[PDB]
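What you see below is based on every heavy atom in this structure, not just the backbone, and it leaves out hydrogens, waters and symmetry mates. In what follows, chains carry the letters A, B, and so on, assigned in the order in which the sequence lines appear, proteins first and then strands, with residues in each chain numbered from 1.
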Amino acid sequence: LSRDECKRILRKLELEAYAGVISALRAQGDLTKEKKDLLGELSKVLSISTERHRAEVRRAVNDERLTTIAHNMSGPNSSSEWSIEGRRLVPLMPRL
Amino acid sequence: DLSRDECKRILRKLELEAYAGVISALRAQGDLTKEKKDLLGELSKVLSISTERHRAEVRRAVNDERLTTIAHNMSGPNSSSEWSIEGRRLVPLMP
């Protein structure tokens, strides 16, 4: 494998790893402090930006299947903290 | 609609895939660091991952040609020492 290929596969692996964790935790129930701390450590090690983190959170909370799963595993309202956690950032202006 | 039982199984599957995906990613980065080991212990608590599961994933990863090639490119030829010991773990990783 070439240098760029190794970097590409590794980066994809990292992004996929973070998304898989978000999915799992989201399906278990709402975000707890324990989980948020774990996520903070995980995003650090995998080089996941806060913006990317928020995107995975919203995607996950919008996932109707993950929601159905949470719904059954821990209740109807078990997406409260996740929904806030994922809120987009104030919109700047094109370019900066 | 999906039944509560199916949800439980999907959830289990997500937990297992999530831990595997992290093991894979970390392995491609290089050898397991102390920081990385602690992260995996916390992960395995939250995702309810048995010591046997942990070993299988590590053994798979450390013996995966692709992942290993990435690790050498990323950090040098001795990127398996710690992963090898982890593959032989019998006591709980902890957190």
Q: Write out all pairs satisfying salt bridge (charged side-chain N to carboxylate O under 4.0 Å, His left out) with one or both partners inside residues 66-93 of chain B, taking only residues at least two apart or from two chains.
A: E86(B)-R89(B)
Q. Do we see a donor-acceptor contact under 3.5 Å between the side chains of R59(A) and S23(A)?
A. yes
(Q) Could you report the tightest heavy-atom contact between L47(B) and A24(A), atom names first, then the distance? (A) CD2-CB, 3.7 Å
Q. If you take all heavy atoms of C7(B) and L2(B), which pair is closest and at what distance?
A. SG-CB, 4.2 Å
When you compare the side chain of [Y] with that of [X], does any pair of heavy atoms fall below 4.5 Å?
{"X": "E42(B)", "Y": "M94(B)", "answer": "no"}
{"X": "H54(B)", "Y": "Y19(B)", "answer": "yes"}
{"X": "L93(B)", "Y": "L40(B)", "answer": "yes"}
{"X": "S79(B)", "Y": "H72(B)", "answer": "yes"}
{"X": "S49(A)", "Y": "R54(A)", "answer": "no"}
{"X": "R26(A)", "Y": "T67(A)", "answer": "yes"}
{"X": "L25(A)", "Y": "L31(A)", "answer": "no"}
{"X": "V45(A)", "Y": "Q29(B)", "answer": "yes"}

Q. Which ILVMFWY residues can you reach from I85(B) by hopping between side chains whose heavy atoms are under 4.5 Å apart?
A. none
**Q.** Other ILVMFWY residues reachable from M74(B) by side-chain steps of under 4.5 Å
**A.** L1(A), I9(A), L10(A), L13(A), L67(B), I70(B)
Q: Apply the test side chain to side chain contact (heavy atoms under 4.5 Å, CB included) to residues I49(B) and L16(B): give CA-CA distance (whole Å), side-chain angles for both, the deciding distance (0.1 Å), then the verdict.
A: CA-CA 7 Å; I49(B) 298 302; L16(B) 299 175; 4.0 Å; yes
Q: Using a strict 4.0 Å threshold on nitrogen-to-oxygen distance, state whether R8(A) and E5(A) make a salt bridge.
A: no
Are the side chain of [X] and the backbone N or O of [Y] linked by a donor-acceptor pair below 3.5 Å?
{"X": "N72(A)", "Y": "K8(B)", "result": "no"}
{"X": "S43(A)", "Y": "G40(A)", "result": "yes"}
{"X": "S79(A)", "Y": "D30(A)", "result": "no"}
{"X": "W83(B)", "Y": "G30(B)", "result": "yes"}

Q) How far does CG of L43(B) sit from NZ of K37(B), to the nearest 0.5 angstrom? A) 13.0 Å
